[PDB]
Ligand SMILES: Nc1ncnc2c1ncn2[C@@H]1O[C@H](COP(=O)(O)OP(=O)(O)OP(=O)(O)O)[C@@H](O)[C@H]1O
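Let's start with one chain on its own, the form solved without the ligand, as structure tokens.
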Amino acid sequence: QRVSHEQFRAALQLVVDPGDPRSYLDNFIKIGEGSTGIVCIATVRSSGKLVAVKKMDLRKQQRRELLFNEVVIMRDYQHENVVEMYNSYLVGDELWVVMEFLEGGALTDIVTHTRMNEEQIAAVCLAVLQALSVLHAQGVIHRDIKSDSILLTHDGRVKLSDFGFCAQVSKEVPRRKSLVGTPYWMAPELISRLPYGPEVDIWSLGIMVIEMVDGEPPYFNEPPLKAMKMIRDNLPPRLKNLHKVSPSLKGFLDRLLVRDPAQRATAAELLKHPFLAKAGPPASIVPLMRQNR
């Protein structure tokens, strides 16, 4: 009990940066309760730069070992559509991850207050899929794809974030089985805790497409647990606003929201899909952001 705490803390120490970041970070401004703790922005004293700091209490996780994943897996990851992690530290009983601050905030604010058009939807889906093709080719599953995990720059550039539940697969351990995600976005094979791969993020992306069209995921008013039962048991959920979606968006969505995971399109395939040729540039997103509306 105390023994498992102390061991866990020593283990994490081997993968985090040594040192106390409190000596260099000032002006903490809370922006969220995120997945697994609080997210603040702060100023780096030596550079004047703003960063985002996620702080996760070691004693408050459902599965403490998941805290190993992001801090190891995302360590020196560079991709234009993925939130960059700068360092991590152990501060008392908290893990702090310091990362790039996305001043445009999250896609959730948009999707609940406005209606994206298909140009904008394709731009988001292209960005996310560029991120997921590269991630998935090196064994990394995100496992919490939803609008809250998509962040924006001031000029409409899109980046994937919230890697806290991400997982690494490999040749010798190619599948995971953990019930991890956000209930309404979870793939049905993951709900059933069957072995699963990168395919799970493709299904969640489908649900996020439903968010972008309808405003919310299917069965959102149902309590989480029954909603999960429905997803597991029913046929693919349908858009409420289907009459407003183009034939190419419908055909795109049909390749995402497939139950049989071996039939579901991969990110690399979806990158070639004609829906994505409608993608707008970063500027097309900017009108939707809270500050411009």
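Only residues modelled in both forms are compared. Only the largest set of C-alpha atoms that superpose within 1.5 Å between the two forms is called the rigid core. All residue numbers refer to positions in the sequence shown, first residue = 1.
Separately, the form deposited with the ligand bound exists; it is not shown, and the next lines address it.
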key: Placed ligand check: the ligand in the deposited bound form, overlay by site C-alphas, backbone/C-beta within 2.4 Å   = blocked
inquiry  = For the interface check, one of 192 to 200, 124 to 132, 207 to 215, 161 to 169 should have non-hydrogen atoms within 4.5 Å of the ligand in the deposited bound form; which one?
reply    = 161 to 169
ask   = Only one of 227, 265, 52, 249 has a non-hydrogen atom within 4.5 angstroms of the ligand in the deposited bound form; which is it?
value = 52
task = Let me know the one among 90, 102, 140, 116 whose heavy atoms come within 4.5 Å of the ligand in the deposited bound form, would you?
result = 102
request  = Flag residue 233 as yes or no: does it have a non-hydrogen atom within 4.5 angstroms of any non-hydrogen atom of the ligand in the deposited bound form?
outcome  = no
query = Hey, in the deposited bound form, does residue 26 get a heavy atom within 4.5 angstroms of the ligand?
reply = no
ask   = Given that the partner is absent here, does residue 237 sit within 4.5 Å of the ligand in the deposited bound form, heavy atoms only?
value = no
message = Check residue 37 for me: does it contact the ligand in the deposited bound form (non-hydrogen atoms, 4.5 angstroms)?
response = yes
remark   = Core-referenced diff between the shown form and the other one: runs of three or more consecutive residues, each Cα shifted 2 Å or more, sit at 46 to 48, 241 to 244
